[PDB]
Every structure is written in structure tokens, then in C-alpha cells.
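Here is the structure we will look at, set down as C-alpha cells.
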Amino acid sequence: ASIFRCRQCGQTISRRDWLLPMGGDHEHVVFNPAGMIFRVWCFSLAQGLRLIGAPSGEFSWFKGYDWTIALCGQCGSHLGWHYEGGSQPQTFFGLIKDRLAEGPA
Ligand SMILES: O=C1CC[C@H](CS(=O)(=O)c2ccccc2)C(=O)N1
Ligand SMILES: [Zn+2]
């Protein structure tokens, strides 16, 4: 259990090796303005995503970061967000834990 794939289609997304403890934890439980709760895992790196639109700072869960919606590049499932425009690090991924499947390389 070291690779993360899209739960809907099996697209390769990320690795346990690429987890990032942002503010001391890789897990952040957050809500959007529509009151939806997400258990977000922070990754330094991800692949197989498609980033939609241009970055926004509105309602960012991470101070100093703008977000873009990250879809599965294969099936279009909403897997989380790319964060940019910040510092240490400049960029990272917040992926919704329950939309990933963990398994062998
Ligand atoms: O750090 C973040 C990521 C984005 C998220 C909003 S969202 O991606 O849920 C969304 C997008 C467009 C219309 C409604 C809601 C949020 O509140 N905070
Ligand atoms: Zn997918």
C-alpha cells in the first residue's frame, strides 16, 4: 500500500512517499461554503490530474495559497485541488482521501 489511484477508474495519482505534513499534519478536515466536509491529504506531488480554470484565493483553506480544482485526468472525478502562489512550498496538492484507493506499486 504505497501508490494512490483514482477510486473510480484506477488512474495513478500519487504515492505515500509524496505525503506533505502542511502545518504539522498531512490530514486536514475542511468544509467549503456549501457545507461539504472533505478529509484532505496534502501531497508535494501528484500526476494523472487535470487542473480546471485559473487559480482563486477565495475561501482557501491554506493561507497564502490560491487553488485550482483537480479532476482525474482519465474519468473527470473531482479528486481535490492544486495550491499555488504560496511559500515553503510554493505549490502542493490537497487530495480527498476517500476518492483515492491505496495499493501496491
Ligand atoms: O481551499 C479551498 C479549495 C476550494 C474550495 C471550494 S470548492 O472547490 O468546493 C468550490 C468551487 C466552486 C464553487 C463552489 C465550491 C474551498 O472552499 N477552499
Ligand atoms: Zn478516475
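Chain labels follow the order of the C-alpha cells: the first chain is A, the next B, and so on; residue numbering restarts at 1 in every chain, and ligands are counted from 1 in their shown order.
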message: What does the list of residues within 9 Å of ligand 2 look like if you count only C-alpha atoms and all ligand atoms, written as a ChimeraX atom specification?
response: /A:5-13,48-49,71-79,99-100
- request: Output as a PyMOL selection string all residues of chain A that backbone DSSP marks as helix (DSSP H, G or I).
  value: chain A and resi 16-18+97-99
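The smallest atom-to-atom distance between ligand 1 and any of A:4, A:61, A:93, A:41, using only C-alpha atoms and all ligand atoms, is found for A:61.
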- request: Please provide the set of residues having any atom within 6 Å of range 80-83 of chain A, restricted to only C-alpha atoms, with same-chain residues fewer than 2 positions apart removed, written as a count of residues only.
  value: 13
Residues within 6 Å of residue 18 in chain A, only C-alpha atoms, excluding chain neighbours under 6 positions, as number ranges by chain: A: 43-45
- request: Tell me which of A:40, A:46, A:52, A:34 sits closest to ligand 1, counting only C-alpha atoms and all ligand atoms.
  value: A:34
message: So the first atom is atom 3 (C, counted along the ligand's line) of ligand 1 and the second is CA of residue 32 in chain A; what is the distance between them in Å, to one decimal place?
response: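 Straight-line distance from atom 3 (C, counted along the ligand's line) of ligand 1 to CA of residue 32 in chain A works out to 7.2 Å.
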- prompt: residue 39 in chain A: which residues within 7 Å, counting only C-alpha atoms, same-chain residues fewer than 6 positions away excluded, as a VMD selection string?
  reply: chain A and resid 27 to 30 96 to 97
Go ahead and save the residues from that selection, with N, CA, C and O atoms, as a PDB file, in the first residue's frame.
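Below is the file part-v6.pdb, written as the result:
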```
ATOM      1  N   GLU A  27      -3.084  15.337   7.045  1.00  0.00           N
ATOM      2  CA  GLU A  27      -4.572  15.314   7.020  1.00  0.00           C
ATOM      3  C   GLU A  27      -5.135  16.637   7.551  1.00  0.00           C
ATOM      4  O   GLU A  27      -4.754  17.049   8.644  1.00  0.00           O
ATOM      5  N   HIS A  28      -6.046  17.246   6.795  1.00  0.00           N
ATOM      6  CA  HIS A  28      -6.826  18.450   7.180  1.00  0.00           C
ATOM      7  C   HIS A  28      -8.306  18.170   6.906  1.00  0.00           C
ATOM      8  O   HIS A  28      -8.636  17.787   5.772  1.00  0.00           O
ATOM      9  N   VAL A  29      -9.164  18.291   7.911  1.00  0.00           N
ATOM     10  CA  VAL A  29     -10.633  18.142   7.726  1.00  0.00           C
ATOM     11  C   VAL A  29     -11.200  19.549   7.559  1.00  0.00           C
ATOM     12  O   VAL A  29     -11.041  20.366   8.481  1.00  0.00           O
ATOM     13  N   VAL A  30     -11.823  19.813   6.418  1.00  0.00           N
ATOM     14  CA  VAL A  30     -12.224  21.183   5.995  1.00  0.00           C
ATOM     15  C   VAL A  30     -13.645  21.137   5.435  1.00  0.00           C
ATOM     16  O   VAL A  30     -14.109  20.043   5.060  1.00  0.00           O
ATOM     17  N   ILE A  96      -8.693  14.496  -1.820  1.00  0.00           N
ATOM     18  CA  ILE A  96      -9.779  13.974  -0.952  1.00  0.00           C
ATOM     19  C   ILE A  96      -9.508  12.484  -0.720  1.00  0.00           C
ATOM     20  O   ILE A  96      -9.598  11.697  -1.676  1.00  0.00           O
ATOM     21  N   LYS A  97      -9.125  12.126   0.500  1.00  0.00           N
ATOM     22  CA  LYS A  97      -8.665  10.760   0.869  1.00  0.00           C
ATOM     23  C   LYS A  97      -9.641   9.699   0.319  1.00  0.00           C
ATOM     24  O   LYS A  97      -9.173   8.704  -0.285  1.00  0.00           O
TER      25      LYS A  97
END
```
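Comparing A:58, A:25, A:102, A:17 by their smallest distance to ligand 1, the closest is A:58 (using only C-alpha atoms and all ligand atoms).
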